[PDB]
Amino acid sequence: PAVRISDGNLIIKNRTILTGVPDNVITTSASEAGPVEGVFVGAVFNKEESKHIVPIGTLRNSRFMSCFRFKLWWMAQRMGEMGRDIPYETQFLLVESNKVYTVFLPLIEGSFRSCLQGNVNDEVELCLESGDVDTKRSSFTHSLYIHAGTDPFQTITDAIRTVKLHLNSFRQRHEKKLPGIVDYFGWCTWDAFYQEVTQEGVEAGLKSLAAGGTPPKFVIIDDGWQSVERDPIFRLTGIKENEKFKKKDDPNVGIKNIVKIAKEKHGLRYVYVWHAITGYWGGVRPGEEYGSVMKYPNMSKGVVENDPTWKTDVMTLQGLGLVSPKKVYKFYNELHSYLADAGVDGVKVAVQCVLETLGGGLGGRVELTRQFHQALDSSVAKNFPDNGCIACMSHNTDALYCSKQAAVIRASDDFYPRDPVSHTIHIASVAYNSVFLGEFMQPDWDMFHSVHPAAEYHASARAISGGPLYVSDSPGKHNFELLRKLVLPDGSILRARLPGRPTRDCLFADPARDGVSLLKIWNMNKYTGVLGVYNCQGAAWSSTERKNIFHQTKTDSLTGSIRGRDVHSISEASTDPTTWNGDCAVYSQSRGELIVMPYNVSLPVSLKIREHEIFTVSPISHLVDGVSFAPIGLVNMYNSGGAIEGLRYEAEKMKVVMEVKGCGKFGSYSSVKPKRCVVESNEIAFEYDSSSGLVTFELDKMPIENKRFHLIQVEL
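FYI, the numbering for the sequence shown is 5 to 102, 120 to 252, 265 to 749, going by the authors' numbering.
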């Protein structure tokens, strides 16, 4: 049966993973399916309670990785090998047996949500909570799912899918419609003006970016456009824009003014706006219209253990006007109808995890979350039918397991331009949280600044994230040399196809805390892989201080290495995987060096703290003995291989035929010097380094007219 409890142990393919499983912990393999590869786990208790905790078993001497909420809104990573190091509010746990990987997914069941936490005795406890004193249960059968396999990424995905088939209450990332903003450069007003944003500031930012040749095609009008008032917390007073967004003649005209300027005058395709899941930070001003009533956040133990300041946050103490569940659809619809009729294409929806703290006597955290998201999704589908929703501050399983439609999720805590501790931590967080969040939605690695000491560090990460790419530059503060590595002259980006994630290598070694390893992040394009390597040692969240701090490091520089197969799915980029020997052409985007890397050969990589390097990794095709080739792409862009749309080898003609998007310097590996390089039927000059095999030529202009991609032929 693979995964079983017998004696009082949890045994996984004949390895004891946990010992000392209580008698009252019960397992099953039924569901809709119903027979299922892993096991659902639950428990039976003596009394009704609105909260239970129960040990599942004792964990020692097995490497784990977990994603845990260090704050209400957000996860980060913690590695370890003893149950006692498992954090409070662990939402995802992956265990290694030394070859075999086991995932533990704590679930929502009925009105309860579960997570895991470690205790002093090295037990893994499941914590089940309804968040409502009137909602009480005593037995549970599907509050946790455990599944094992030999490919850690495949293991995760198969488990999520099994759970989906059981709950039917979410979709997987790959089944959802991504909104069109993901394929374009954007700009977000948040770090540029904070709440003092005005419509003139919006226009200024768009114009400055476009004037340097990297034009955004979406904008996020972030927090500060809405009509809010104090009663020191602010609450929503109406659904329309404030005075800063009213045309300065004609104050009857509203946010439609800036939207039309953006799109007709500056060429934007999309405009999004920010709002809280509750309207604003303090909710909506109490009243009949939407049934808003003052409510005060309930504290749960796990959240407040990791985040003690939450007990004295302004939202906790001054409360929120919570719109009624009976009127929530109407609130979202009236807000979104106003927005859509003004030309707005989507919303960035923040403050999402507050609902779990307000389910009071409304059925609790799960039911309240489900209700609000049901209404929000209906409103988004009606009013922003490109699927215009970015989920923000939303890392709770209550929202993840009801993620049926929305397709983009902020993968971490905010970019912080002025906080030096944050940069290394940001890269670790987005990468590790993406392992799990990217099963539900496309991860958004957040805005950044192009003029900043960490700009390249952040920029390169976004380029391999698989997610939307956007800066929050103040108008005029741009580095366009850096932005041209991310954005083409029409505002399109080279987006990779998957959530960027750590390599198998990096899943159980904490590169923020171990003092010894470099973080390596992989993604895929259609005909190449990509790999970024980061030193992010020297800072992380503190179990003792309970916030992000710097910590001692043994040295500045670390040396690790890369292999072609670190790009876990690199196979899928090969045009003939069954004959492929595993050799890759590896192009260092930062050094500009092409290296041939045979299957399993390592290359050493050395980096100091806050340094990085990006490598495009392309499968080599052996056309005949001595004639071998791999495309690289737009070598002056971070995610070079994202430019290759089509690739075909004709060994009988010793030819390669490609479809390439974009413009700039194009590169490929060839063992031999080409006879000819042809672009749309004309022959063009090229360079060839005989020593590395690097072929380069210039793609002068974007494709015009009926072309849409450059058609390139390379004759060898």
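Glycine included, each C-beta is placed from N, C-alpha and C at the ideal position.
By the three-class DSSP mapping on this structure, what secondary structure does residue i have?
| i | result |
| --- | --- |
| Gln-216 | helix |
| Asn-672 | coil |
| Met-687 | coil |
| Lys-553 | strand |
| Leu-667 | strand |
| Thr-23 | strand |
| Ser-151 | coil |
| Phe-174 | helix |
| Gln-438 | coil |
| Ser-370 | helix |
| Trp-574 | strand |
| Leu-656 | strand |
| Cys-386 | helix |
| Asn-189 | coil |
| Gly-565 | strand |
Drop a sphere of 10 angstroms on the beta-carbon of residue i, count the other beta-carbons inside from all chains shown, and report buried for 16 or more, exposed for fewer.
| i | result |
| --- | --- |
| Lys-553 | buried |
| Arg-546 | buried |
| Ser-723 | exposed |
| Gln-622 | buried |
| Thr-235 | buried |
| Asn-18 | exposed |
| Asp-11 | exposed |
| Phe-469 | buried |
| residue 110 | The chain lacks the residues between 102 and 120, and residue 110 is one of those with no coordinates. |
| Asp-243 | buried |
| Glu-196 | exposed |
| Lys-518 | buried |
| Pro-127 | buried |
| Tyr-92 | buried |
| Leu-591 | buried |
| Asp-446 | buried |
| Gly-87 | buried |
So residue i and residue j are supposed to be a Cβ contact under 8 Å. How far apart are they, rounded?
| i | j | result |
| --- | --- | --- |
| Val-203 | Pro-501 | 5 Å |
| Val-549 | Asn-512 | About 33 Å; that fails the 8 Å criterion. |
| residue 1 | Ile-442 | Nothing can be reported for residue 1, as the shown portion of the chain is limited to 5 through 749. |
| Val-566 | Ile-595 | 6 Å |
| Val-382 | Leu-353 | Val-382 to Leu-353, Cβ: 15 Å. No contact. |
| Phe-719 | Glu-678 | Actually they are not in contact, since the Cβ atoms of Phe-719 and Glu-678 sit about 20 Å apart, beyond 8 Å. |
| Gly-524 | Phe-206 | 5 Å |
| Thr-176 | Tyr-122 | 5 Å |
| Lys-698 | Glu-748 | That belief does not hold up - the Cβ atoms of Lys-698 and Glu-748 are roughly 20 Å apart, past 8 Å. |
For residue i, tell me which candidate among the options has the shortest Cα-Cα distance.
| i | options | result |
| --- | --- | --- |
| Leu-355 | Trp-307, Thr-342 and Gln-404 | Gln-404 |
| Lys-185 | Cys-710, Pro-173 and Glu-130 | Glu-130 |
| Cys-710 | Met-557, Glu-738 and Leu-744 | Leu-744 |
| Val-377 | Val-304, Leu-353 and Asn-556 | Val-304 |
| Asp-589 | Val-600, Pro-664, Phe-583 and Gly-571 | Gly-571 |
| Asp-538 | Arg-528, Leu-551, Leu-531 and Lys-415 | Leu-551 |
| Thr-586 | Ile-642, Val-124 and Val-563 | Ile-642 |
| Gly-533 | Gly-597, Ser-498 and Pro-508 | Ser-498 |
| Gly-335 | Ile-60, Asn-429, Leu-372 and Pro-237 | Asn-429 |
| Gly-396 | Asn-102, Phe-74, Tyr-122 and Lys-157 | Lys-157 |
| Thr-171 | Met-332, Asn-275, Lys-120 and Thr-162 | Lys-120 |
| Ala-440 | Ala-464, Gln-475 and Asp-616 | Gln-475 |
| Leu-640 | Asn-568, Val-347 and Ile-677 | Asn-568 |
| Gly-625 | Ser-673, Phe-448, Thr-611 and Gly-597 | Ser-673 |
| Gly-597 | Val-634, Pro-610 and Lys-580 | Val-634 |
| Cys-696 | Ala-684, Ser-714, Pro-736 and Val-728 | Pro-736 |
With a CB to CB cut of under 8 Å and the five nearest residues on each side skipped, what residues in its chain are close to residue i?
| i | result |
| --- | --- |
| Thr-608 | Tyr-560, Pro-652, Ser-654, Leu-680, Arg-681 and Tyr-682 |
| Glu-489 | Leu-515 and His-645 |
For residue i, which residues of its own chain have a beta-carbon under 6 Å away from its beta-carbon, when the five flanking residues on both sides are left out?
| i | result |
| --- | --- |
| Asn-13 | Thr-20 and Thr-23 |
| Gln-351 | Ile-266 |
| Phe-648 | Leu-564, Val-619 and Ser-621 |
| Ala-309 | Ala-383 and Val-384 |
| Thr-349 | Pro-330 |
| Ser-505 | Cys-209, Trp-211, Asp-212, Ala-213 and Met-480 |
| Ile-9 | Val-25 and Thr-31 |
| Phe-125 | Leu-97 and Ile-167 |
| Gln-438 | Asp-410 |
| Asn-556 | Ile-497, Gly-499, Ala-529, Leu-531, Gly-533 and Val-563 |
In its own chain, which residues sit with a C-beta less than 7 Å from the C-beta of residue i, not counting the 5 before and 5 after it?
| i | result |
| --- | --- |
| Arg-134 | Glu-150, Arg-398, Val-399, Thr-430 and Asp-431 |
| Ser-704 | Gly-659, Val-660, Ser-661 and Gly-726 |
| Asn-614 | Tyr-632 |
Are there any heavy atoms of the ligand ADP lying less than 7 Å away from the beta-carbon of residue i, as far as the coordinates show?
| i | result |
| --- | --- |
| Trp-246 | This structure does not include the ligand ADP; it has no bound ligands of any sort. |
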